[PDB]
Amino acid sequence: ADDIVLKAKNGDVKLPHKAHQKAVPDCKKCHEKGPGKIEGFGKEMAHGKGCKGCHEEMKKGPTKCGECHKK
Ligand code: HEC
Ligand code: HEC
Ligand code: HEC
Ligand SMILES: C[C@H](CCC(=O)O)[C@H]1CC[C@H]2[C@@H]3CC[C@@H]4C[C@H](O)CC[C@]4(C)[C@H]3C[C@H](O)[C@]12C
């Protein structure tokens, strides 16, 4: 399957799966979540544990605006 881009108005956000599969062997951080995770995602989650927060906790991955968002 293909990578997805989130159409944030300030700039597209790429989500490269290959890097995540390699760097996050605990697949259940994202997969086999209960129902509601597709509807639930948004800016609050993205800027929290959905994206940025995991990067902070794992000590790796982008944490600056322009590292995630790109027109
Ligand atoms: C969130 C940050 C994820 C982590 C950590 C892992 N996966 Fe993932 N996966 C995630 C998304 C948002 C998607 C759909 C978009 C995409 O890039 O495909 C997927 C997709 C898969 C797939 C289908 C891949 C394909 O057909 O090309 C598989 C088989 C899969 N994910 C498995 C998987 C495993 C085994 C992981 C841990 C090592 C893993 N994923 C991490 C989100 C995230
Ligand atoms: C842990 C549970 C994570 C979640 C949820 C998300 N990301 Fe992530 N990401 C994670 C790690 C440990 C890393 C480092 C990977 C590396 O090899 O350096 C990353 C990396 C990225 C990257 C950069 C990939 C690269 O080629 O360097 C991007 C662009 C990125 N992450 C974006 C991103 C987004 C948009 C997420 C939410 C939708 C997201 N990540 C979730 C760990 C985790
Ligand atoms: C990745 C780890 C990110 C970092 C660092 C920052 N942002 Fe972000 N942002 C990210 C995603 C995946 C999303 C989309 C949420 C979704 O609905 O899918 C966003 C969202 C925004 C928005 C809202 C965009 C919209 O609703 O169209 C804004 C205005 C925004 N982000 C700005 C922003 C700034 C200023 C940042 C640095 C302070 C920043 N983001 C960091 C992913 C990530
Ligand atoms: C559920 C995990 C981990 C975050 C958490 O613990 O809640 C999060 C991390 C990244 C999230 C995905 C990012 C891309 C997509 C954004 C859509 O708007 C909703 C579906 C997708 C496919 C999201 C589904 C789910 O919300 C994920 C996989």
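One table, with the values for the structure above:
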| item | result |
| --- | --- |
| Computed FRET value (nearest 0.05) for residue 23 with residue 46, which takes r as the C-beta separation and R₀ as 25 Å | 0.90 |
| Residue-count net charge about residue 68 - beta-carbon cut-off 9 Å; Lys, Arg +1, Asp, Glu -1 | +3 |
| Residues 15, 6 arranged by fewest to most Cβ contacts within 10 Å | 15, 6 |
| The chain: C-alpha gyration tensor shape, a/c 1.5 cut-off, then a/b vs b/c | rounded |
| Fluctuation leader among 55, 31, 17 - the chain, Gaussian network, Cα springs under 10 angstrom | 31 |
| Computed over the chain: relative contact order in percent, which uses C-alpha pairs under 8 Å that are six or more apart | 36 |
| Environment charge at residue 12 (Cβ cut-off 12 Å; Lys +1, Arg +1, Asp -1, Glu -1) | +4 |
| Within the range 27-47, backbone nitrogen closer than 16 Å to the virtual label 7 Å beyond the Cα of residue 58 toward Cβ | 27-33, 46-47 |
| Within a Gaussian network of the chain (alpha carbon springs, distance under 10 Å), most fluctuating of 36, 48, 61 | 36 |
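Here Cβ is always computed from backbone atoms with ideal geometry, including for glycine, and neighbour counts include all displayed protein chains. Every number here is computed from the coordinates shown, using simple stated rules; none is lab data.
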